[PDB]
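In what follows, a structure is listed as structure tokens, so that the remarks can point back to it.
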Amino acid sequence: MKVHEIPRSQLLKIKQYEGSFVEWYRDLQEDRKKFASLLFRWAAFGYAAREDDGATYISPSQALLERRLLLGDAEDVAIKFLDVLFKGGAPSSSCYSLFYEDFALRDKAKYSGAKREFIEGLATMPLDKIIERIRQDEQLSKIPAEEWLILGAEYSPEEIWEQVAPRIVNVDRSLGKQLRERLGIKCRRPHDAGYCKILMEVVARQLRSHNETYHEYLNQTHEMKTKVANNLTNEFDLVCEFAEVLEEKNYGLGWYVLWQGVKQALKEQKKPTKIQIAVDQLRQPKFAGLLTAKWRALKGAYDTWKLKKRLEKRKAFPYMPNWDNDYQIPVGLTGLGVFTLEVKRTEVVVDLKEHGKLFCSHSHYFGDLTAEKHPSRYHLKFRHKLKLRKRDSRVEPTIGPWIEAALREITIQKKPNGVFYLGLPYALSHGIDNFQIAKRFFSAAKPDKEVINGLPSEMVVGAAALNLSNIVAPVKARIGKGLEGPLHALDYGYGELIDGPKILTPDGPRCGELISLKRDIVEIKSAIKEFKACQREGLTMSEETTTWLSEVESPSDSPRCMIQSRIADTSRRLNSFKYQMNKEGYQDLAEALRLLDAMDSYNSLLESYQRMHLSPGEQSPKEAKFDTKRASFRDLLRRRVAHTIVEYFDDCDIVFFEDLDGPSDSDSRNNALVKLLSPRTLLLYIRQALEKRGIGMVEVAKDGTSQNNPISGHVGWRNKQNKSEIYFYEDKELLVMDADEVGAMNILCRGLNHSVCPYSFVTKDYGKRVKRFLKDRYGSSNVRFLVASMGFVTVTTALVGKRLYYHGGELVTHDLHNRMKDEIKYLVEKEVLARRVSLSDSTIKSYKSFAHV
RNA sequence: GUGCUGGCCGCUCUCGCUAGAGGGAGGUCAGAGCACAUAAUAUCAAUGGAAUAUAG
DNA sequence: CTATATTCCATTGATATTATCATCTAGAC
DNA sequence: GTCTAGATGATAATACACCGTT
């Protein structure tokens, strides 16, 4: 049920409601946000005061000292009630008895099916099997095993069941009822059952959302403390006291400062260096210990200091949740409320029995929707339709394939603009075949024979690249057990291409016009900044700045009129690329990402242009504009790219992707450029689109997947001038390939080999992905390494903490790796002509890249 | 059904003027293809701006 | 004027939790 | 019989990695 089904959802807006529906909704919301606070104040939770931004906090002890006054003699009961609702599951089905007045318990337990199959064969089942079955089940654990055996032996199954039922009844199932009598709890509809069932099931979700976050945070604030407490070194203390003195003189320490200071401390400068305080402080003999310290220890001393600094900025406890925002009310078909759905020609009717009907519109996401009632579910058939809002259109209306799903619940929610929405969570049906093949086999470096014997006899596989430019570069293939071809797949056999590497979509002609329009904005920003900082000293503009300002025609010839005209020029030149690239419905995806950065820099330009008139020494707080037009144009660009990848690999079983890394901390200098691509959400939007069609997906390591030879496994040099070319030097000959195709082919190659073959590692090799490699190729997982010859190595059973590479099948040293790149470079500036080779042509015999067998 | 777009006109805020640029709200003319898993809570990092030290 | 660095304020990228029922059972007609 | 609501349901699974070199 919830194993081989894909849960998706969508919403229909409720056009009109009749009956007591609004009273039903608002009572539920108000009772939820009241009893959530009441339950939060029972289970003593520590929390930080929102008033002072967590400067002070409420301890977990005064919460107990206050619950004692708030609750009274009922501490024992409430503790059990909270635990039962926190653990959840099946046993928490009868907790709605706290809000219901007409609740009726059952002194006899329900005769479940498992009880049935436990009853037919109790007599013919020996004593050693009367302990394992019952040690887990709590209900059955109320009777000793020997009593079970004797009862089964000398009684009739009916008279075992009739006798044994009263004891196995859970006693704490009326706990929520008895608490209501003890405290006199009054909800708003005490004589209704669906209301109570909905209310308790919604309150429990919001409390179990905070319980797991609380207990996780209070543990996460301990591992960092331990990690700092372990990494104590001399370099750590040196860096810490250096940071302390720089903070005494309000400088502070950064990684760039920690390397420039070290290097420039030894030498002497003439012009004032960007950093002077730090280098001067390094001049002192106090900080001479770290000058001879190894780099590996220095990194562990700096990272430990950064981690210790982050921990000092932690609140004692998480904030208290904000219950004010409305929840999403669920109503089902078996007990948890009730509804009937029946599709008409022009409307969809939802009938809440005593709470009135709801009339809903049709959508193009549920086109041609038909619903047939079944015993405890619905059957849906709908086709996605093209949403042509233009009355007269010039595009042919497209339809989609039939989709079948089972619907069993609906949701109602109220948006802040007072519009109710009906949500239909529907589950699609697909095989669990290839998801298991992807997750179980293609990802694990050491799959077991249990799955290996069950691998299919044929497959289709693919690969792709994701970059800011040339977004998708795919390659198709076909592997097959008992088949011969160039590609090699570990533990499975061989393979062969069916569609050679290429570029799915080249970047459009408008993608180069949008990259200079951002330089214009950045330079006009700095120009305006200098145009403001200069007036403080009453100086004069630089000639080059004025000449730059001159070209755009201004009404006057004032400099501050030139910038004011250029700001208008850029606005009028960006608004031309919105209406003109929207008219086409955002056709080319590559050029629709540069426009996003155009917008982003334009907002900062205006943000700094609205403050050009200020005076020194004051402060200018922002103003909170209300907009969501930048989070709704970015959420379309990560869906279109996901759909484009899926539609191409529609006749494939598995697709291989590299695991890109998201934006990082302040040390990295390119956080503002990987936030445009947003790789980690793009890889999440791709996965859902693939999963909707029963296709697996594997993420392989990206280390060095763009600087090898797909054929021979040798290293290559990437031209800095031209970023779409990579050069190789083999057999005293110079070869040329394409850069992105090399990435796609290497992604496929490490996909088929489970990426178990390494690219670069630094000897202490502690890793399920390299340990198996050492055994499979060299012979032992535990081996020592000693350098020899001209830069090769000889694996034996010394060097510690060194960066060893791998090219051509033999490990090398870092110096040799640099020198091969240098010789390729030295030869390429000698203008030696090279011949291009293709990865899609035939007559290639093997693919040794990232292969190690 | 949700989402994403500009031309143009008065009103009203912000700044400056040898001169105009930006924000909010409204009216009107057009354009309009292609994607859609929908929500509640909590935590971390940074981006952008402003000011302040500074040294040199 | 170009770097390093401190405080304030939205706003964004990213990842964790909570969810997307089934099967007796007693009463009316 | 056939609906139609209210009160109660064994366990119930799947990968891997950070340690220089701009």
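Atoms considered below: every heavy atom in the structure, side chains included; atoms not considered: hydrogens, waters and symmetry mates. Note on naming: letters A, B, ... go to the chains in the order of the sequence lines (proteins, then strands), and numbering restarts at 1 for each one.
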Under the 5.5 Å and 30° test, is A:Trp295 stacked on the base of D:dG20? yes
Just N and O in the side chain of A:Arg634: are any of them under 4.0 Å from OP1 or OP2 of C:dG13?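 For C:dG13, OP1 or OP2 has a side-chain N or O of A:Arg634 closer than 4.0 Å.
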Quick check on B:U5: is either OP1 or OP2 less than 4.0 Å from any side-chain nitrogen or oxygen of A:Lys629? yes
Both distances under 3.5 Å, Watson-Crick or G-U wobble: does C:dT17 pair with B:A40? yes
Select base, sugar-phosphate, or nothing to describe what A:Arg389 touches, counting heavy atoms under 4.0 Å on all strands.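 Here A:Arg389 touches the bases of the nucleic acid.
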Taking any heavy-atom pair under 4.0 Å as a contact, classify A:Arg394: base, sugar-phosphate, or nothing.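 The residue A:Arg394 makes sugar-phosphate contact but no base contact.
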Would you check if the distance from the ring center of A:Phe633 to the ring center of A:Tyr586 is below 6.0 Å? yes
I'd like the groove assignment for A:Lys387, based on its side-chain heavy atoms falling under 5.0 Å of groove atoms. Major or minor? major
Just read off the sign of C1'-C2'-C3'-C4' for B:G27 and name the pucker, north if positive, south if negative. north
Could you walk me through whether A:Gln413 and A:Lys415 pass the side-chain hydrogen bond (donor to acceptor under 3.5 Å, both in side chains) check? CA-CA 7 Å; A:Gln413 205 208 8; A:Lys415 292 294 186 287; 2.6 Å; yes
Provide, to the nearest angstrom, the distance between the CG atom belonging to A:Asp597 and the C1' atom belonging to B:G48.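 Distance, rounded to whole Å: 13 Å.
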Starting at CD of A:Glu201 and ending at P of D:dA7, how long is that distance when rounded to a whole Å?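 Distance, rounded to whole Å: 16 Å.
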Taking the nucleotide of DNA chain D with the nearest heavy atom to each, does A:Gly113 or A:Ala445 sit closer to the 5' end? A:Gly113
